[PDB]
$ cat start_23.cif   # mmCIF, C-alpha atoms; chains and numbers go by the auth columns
data_start
#
loop_
_atom_site.group_PDB
_atom_site.id
_atom_site.type_symbol
_atom_site.label_atom_id
_atom_site.label_comp_id
_atom_site.label_asym_id
_atom_site.label_seq_id
_atom_site.Cartn_x
_atom_site.Cartn_y
_atom_site.Cartn_z
_atom_site.B_iso_or_equiv
_atom_site.auth_seq_id
_atom_site.auth_asym_id
ATOM 1 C CA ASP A 1 7.381 -52.248 5.499 0.00 101 W
ATOM 2 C CA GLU A 2 10.796 -51.538 7.065 0.00 102 W
ATOM 3 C CA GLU A 3 12.419 -51.060 3.641 0.00 103 W
ATOM 4 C CA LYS A 4 9.948 -48.564 2.281 0.00 104 W
ATOM 5 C CA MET A 5 9.586 -46.622 5.532 0.00 105 W
ATOM 6 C CA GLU A 6 13.341 -46.000 5.365 0.00 106 W
ATOM 7 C CA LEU A 7 12.721 -44.756 1.826 0.00 107 W
ATOM 8 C CA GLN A 8 9.951 -42.447 3.074 0.00 108 W
ATOM 9 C CA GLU A 9 12.250 -41.110 5.813 0.00 109 W
ATOM 10 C CA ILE A 10 14.912 -39.976 3.355 0.00 110 W
ATOM 11 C CA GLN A 11 12.165 -38.498 1.142 0.00 111 W
ATOM 12 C CA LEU A 12 10.878 -36.527 4.149 0.00 112 W
ATOM 13 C CA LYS A 13 14.360 -35.128 4.818 0.00 113 W
ATOM 14 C CA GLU A 14 14.672 -33.991 1.189 0.00 114 W
ATOM 15 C CA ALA A 15 11.243 -32.327 1.354 0.00 115 W
ATOM 16 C CA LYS A 16 12.290 -30.540 4.553 0.00 116 W
ATOM 17 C CA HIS A 17 15.352 -29.010 2.853 0.00 117 W
ATOM 18 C CA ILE A 18 13.233 -27.968 -0.136 0.00 118 W
ATOM 19 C CA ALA A 19 10.702 -26.215 2.119 0.00 119 W
ATOM 20 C CA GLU A 20 13.381 -24.401 4.154 0.00 120 W
ATOM 21 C CA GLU A 21 15.225 -23.222 1.030 0.00 121 W
ATOM 22 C CA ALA A 22 11.911 -21.991 -0.386 0.00 122 W
ATOM 23 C CA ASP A 23 11.108 -20.002 2.774 0.00 123 W
ATOM 24 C CA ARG A 24 14.506 -18.246 2.838 0.00 124 W
ATOM 25 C CA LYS A 25 13.903 -16.371 -0.438 0.00 125 W
ATOM 26 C CA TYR A 26 10.572 -14.971 0.765 0.00 126 W
ATOM 27 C CA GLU A 27 12.009 -13.860 4.106 0.00 127 W
ATOM 28 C CA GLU A 28 14.770 -11.991 2.252 0.00 128 W
ATOM 29 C CA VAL A 29 12.570 -10.263 -0.347 0.00 129 W
ATOM 30 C CA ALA A 30 10.298 -9.097 2.491 0.00 130 W
ATOM 31 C CA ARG A 31 13.234 -7.174 4.003 0.00 131 W
ATOM 32 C CA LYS A 32 13.970 -5.710 0.566 0.00 132 W
ATOM 33 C CA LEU A 33 10.398 -4.366 0.340 0.00 133 W
ATOM 34 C CA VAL A 34 10.622 -2.963 3.882 0.00 134 W
ATOM 35 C CA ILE A 35 13.581 -0.823 2.826 0.00 135 W
ATOM 36 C CA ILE A 36 11.797 0.148 -0.410 0.00 136 W
ATOM 37 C CA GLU A 37 8.626 1.772 0.909 0.00 137 W
ATOM 38 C CA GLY A 38 10.575 3.792 3.478 0.00 138 W
ATOM 39 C CA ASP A 39 12.658 5.179 0.631 0.00 139 W
ATOM 40 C CA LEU A 40 9.321 6.049 -1.009 0.00 140 W
ATOM 41 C CA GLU A 41 8.215 7.917 2.151 0.00 141 W
ATOM 42 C CA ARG A 42 11.322 10.073 2.277 0.00 142 W
ATOM 43 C CA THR A 43 11.319 10.891 -1.454 0.00 143 W
ATOM 44 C CA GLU A 44 7.647 11.902 -1.347 0.00 144 W
ATOM 45 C CA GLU A 45 8.199 14.065 1.752 0.00 145 W
ATOM 46 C CA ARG A 46 11.123 15.825 0.064 0.00 146 W
ATOM 47 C CA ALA A 47 8.773 16.478 -2.862 0.00 147 W
ATOM 48 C CA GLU A 48 6.164 18.270 -0.716 0.00 148 W
ATOM 49 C CA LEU A 49 8.908 20.270 1.005 0.00 149 W
ATOM 50 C CA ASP B 1 5.528 -50.500 11.695 0.00 101 B
ATOM 51 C CA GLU B 2 2.279 -49.764 9.824 0.00 102 B
ATOM 52 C CA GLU B 3 1.452 -47.074 12.404 0.00 103 B
ATOM 53 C CA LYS B 4 4.845 -45.491 11.694 0.00 104 B
ATOM 54 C CA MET B 5 3.987 -45.703 7.982 0.00 105 B
ATOM 55 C CA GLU B 6 0.738 -43.731 8.236 0.00 106 B
ATOM 56 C CA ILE B 7 2.405 -41.026 10.344 0.00 107 B
ATOM 57 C CA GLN B 8 5.100 -40.699 7.676 0.00 108 B
ATOM 58 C CA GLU B 9 2.955 -40.117 4.591 0.00 109 B
ATOM 59 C CA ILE B 10 0.510 -37.808 6.381 0.00 110 B
ATOM 60 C CA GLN B 11 3.525 -35.678 7.347 0.00 111 B
ATOM 61 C CA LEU B 12 4.617 -35.841 3.687 0.00 112 B
ATOM 62 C CA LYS B 13 1.295 -34.402 2.460 0.00 113 B
ATOM 63 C CA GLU B 14 1.424 -31.630 5.067 0.00 114 B
ATOM 64 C CA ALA B 15 5.000 -30.681 4.128 0.00 115 B
ATOM 65 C CA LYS B 16 4.151 -30.636 0.414 0.00 116 B
ATOM 66 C CA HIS B 17 1.172 -28.354 1.109 0.00 117 B
ATOM 67 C CA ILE B 18 3.413 -25.922 3.000 0.00 118 B
ATOM 68 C CA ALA B 19 6.050 -25.955 0.242 0.00 119 B
ATOM 69 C CA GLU B 20 3.392 -25.314 -2.414 0.00 120 B
ATOM 70 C CA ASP B 21 1.764 -22.400 -0.560 0.00 121 B
ATOM 71 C CA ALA B 22 5.070 -20.684 0.282 0.00 122 B
ATOM 72 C CA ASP B 23 6.008 -20.196 -3.379 0.00 123 B
ATOM 73 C CA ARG B 24 2.695 -18.501 -4.196 0.00 124 B
ATOM 74 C CA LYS B 25 3.094 -16.162 -1.223 0.00 125 B
ATOM 75 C CA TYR B 26 6.568 -15.518 -2.644 0.00 126 B
ATOM 76 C CA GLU B 27 5.577 -14.834 -6.250 0.00 127 B
ATOM 77 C CA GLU B 28 2.980 -12.203 -5.340 0.00 128 B
ATOM 78 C CA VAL B 29 5.798 -10.191 -3.740 0.00 129 B
ATOM 79 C CA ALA B 30 7.748 -9.889 -7.012 0.00 130 B
ATOM 80 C CA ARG B 31 5.010 -8.023 -8.893 0.00 131 B
ATOM 81 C CA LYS B 32 4.239 -5.922 -5.807 0.00 132 B
ATOM 82 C CA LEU B 33 7.917 -4.916 -5.584 0.00 133 B
ATOM 83 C CA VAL B 34 8.113 -4.070 -9.298 0.00 134 B
ATOM 84 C CA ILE B 35 5.028 -1.829 -9.102 0.00 135 B
ATOM 85 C CA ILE B 36 6.150 0.011 -5.957 0.00 136 B
ATOM 86 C CA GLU B 37 9.655 0.471 -7.419 0.00 137 B
ATOM 87 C CA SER B 38 8.204 2.097 -10.548 0.00 138 B
ATOM 88 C CA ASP B 39 6.166 4.427 -8.321 0.00 139 B
ATOM 89 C CA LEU B 40 9.330 5.294 -6.368 0.00 140 B
ATOM 90 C CA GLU B 41 11.164 6.333 -9.558 0.00 141 B
ATOM 91 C CA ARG B 42 8.094 8.410 -10.494 0.00 142 B
ATOM 92 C CA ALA B 43 8.176 10.244 -7.132 0.00 143 B
ATOM 93 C CA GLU B 44 11.939 10.829 -7.460 0.00 144 B
ATOM 94 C CA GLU B 45 11.465 12.676 -10.752 0.00 145 B
ATOM 95 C CA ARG B 46 8.625 14.679 -9.139 0.00 146 B
ATOM 96 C CA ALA B 47 10.990 15.876 -6.383 0.00 147 B
ATOM 97 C CA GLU B 48 13.830 16.753 -8.782 0.00 148 B
ATOM 98 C CA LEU B 49 11.467 18.885 -10.880 0.00 149 B
#
$ encode --input "start_23.cif" --output "structure tokens"
Amino acid sequence: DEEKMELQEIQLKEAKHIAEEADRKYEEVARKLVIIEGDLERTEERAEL
Amino acid sequence: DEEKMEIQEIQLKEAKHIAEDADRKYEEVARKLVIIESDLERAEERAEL
């Protein structure tokens, strides 16, 4: 039991890095979109003007 | 030690669920960004005309 719980502990640490690295990409592409639709606002407004 | 065991693999399932869901929430954003970017180019040509 001691041996394979140590194994599960290192597996848990690896899974934690994988999850954090996965979340970073989404939190960056969200910021990219946030810039994008504001650019869309200003281009459309220039068009009506 | 068996108590510690059960805590460990239930945390493993929960972490794997989170890591699986995050990538789907990510991959929707790519097609949304592509579509809105095409619309932005469309509006830009509208304004230049």
$ residues_around --input "start_23.cif" --residues "residue 143 in chain B" --least-positions-apart "3" --cutoff "8 Å" --atoms "only C-alpha atoms" --output "list in words"
residues 140, 143, 144 and 147 of chain W; 139, 140, 146 and 147 of chain B
$ write_last_selection --input "start_23.cif" --atoms "C-alpha atoms" --output "PDB file, in the coordinates of the input"
ATOM      1  CA  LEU W 140       9.321   6.049  -1.009  1.00  0.00           C
ATOM      2  CA  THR W 143      11.319  10.891  -1.454  1.00  0.00           C
ATOM      3  CA  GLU W 144       7.647  11.902  -1.347  1.00  0.00           C
ATOM      4  CA  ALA W 147       8.773  16.478  -2.862  1.00  0.00           C
TER       5      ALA W 147
ATOM      6  CA  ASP B 139       6.166   4.427  -8.321  1.00  0.00           C
ATOM      7  CA  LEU B 140       9.330   5.294  -6.368  1.00  0.00           C
ATOM      8  CA  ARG B 146       8.625  14.679  -9.139  1.00  0.00           C
ATOM      9  CA  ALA B 147      10.990  15.876  -6.383  1.00  0.00           C
TER      10      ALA B 147
END
$ interface_residues --input "start_23.cif" --of "chain W" --to "chain B" --cutoff "8 Å" --atoms "only C-alpha atoms" --output "PDB file with C-alpha atoms, in the coordinates of the input"
ATOM      1  CA  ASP W 101       7.381 -52.248   5.499  1.00  0.00           C
ATOM      2  CA  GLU W 102      10.796 -51.538   7.065  1.00  0.00           C
ATOM      3  CA  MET W 105       9.586 -46.622   5.532  1.00  0.00           C
ATOM      4  CA  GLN W 108       9.951 -42.447   3.074  1.00  0.00           C
ATOM      5  CA  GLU W 109      12.250 -41.110   5.813  1.00  0.00           C
ATOM      6  CA  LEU W 112      10.878 -36.527   4.149  1.00  0.00           C
ATOM      7  CA  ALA W 115      11.243 -32.327   1.354  1.00  0.00           C
ATOM      8  CA  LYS W 116      12.290 -30.540   4.553  1.00  0.00           C
ATOM      9  CA  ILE W 118      13.233 -27.968  -0.136  1.00  0.00           C
ATOM     10  CA  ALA W 119      10.702 -26.215   2.119  1.00  0.00           C
ATOM     11  CA  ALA W 122      11.911 -21.991  -0.386  1.00  0.00           C
ATOM     12  CA  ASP W 123      11.108 -20.002   2.774  1.00  0.00           C
ATOM     13  CA  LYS W 125      13.903 -16.371  -0.438  1.00  0.00           C
ATOM     14  CA  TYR W 126      10.572 -14.971   0.765  1.00  0.00           C
ATOM     15  CA  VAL W 129      12.570 -10.263  -0.347  1.00  0.00           C
ATOM     16  CA  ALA W 130      10.298  -9.097   2.491  1.00  0.00           C
ATOM     17  CA  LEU W 133      10.398  -4.366   0.340  1.00  0.00           C
ATOM     18  CA  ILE W 136      11.797   0.148  -0.410  1.00  0.00           C
ATOM     19  CA  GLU W 137       8.626   1.772   0.909  1.00  0.00           C
ATOM     20  CA  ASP W 139      12.658   5.179   0.631  1.00  0.00           C
ATOM     21  CA  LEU W 140       9.321   6.049  -1.009  1.00  0.00           C
ATOM     22  CA  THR W 143      11.319  10.891  -1.454  1.00  0.00           C
ATOM     23  CA  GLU W 144       7.647  11.902  -1.347  1.00  0.00           C
ATOM     24  CA  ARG W 146      11.123  15.825   0.064  1.00  0.00           C
ATOM     25  CA  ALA W 147       8.773  16.478  -2.862  1.00  0.00           C
ATOM     26  CA  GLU W 148       6.164  18.270  -0.716  1.00  0.00           C
TER      27      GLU W 148
END
$ atom_distance --input "start_23.cif" --atom1 "CA of residue 149 in chain W" --atom2 "CA of residue 132 in chain W"
26.5 Å
$ atom_distance --input "start_23.cif" --atom1 "CA of residue 106 in chain W" --atom2 "CA of residue 110 in chain B"
15.3 Å
$ atom_distance --input "start_23.cif" --atom1 "CA of residue 110 in chain W" --atom2 "CA of residue 114 in chain B"
16.0 Å
$ axis_aligned_box --input "start_23.cif" --around "range 127-131 of chain B" --padding-each-side "3 Å" --output "JSON"
{"center_x": 5.4, "center_y": -11.4, "center_z": -6.3, "size_x": 10.8, "size_y": 12.8, "size_z": 11.2}
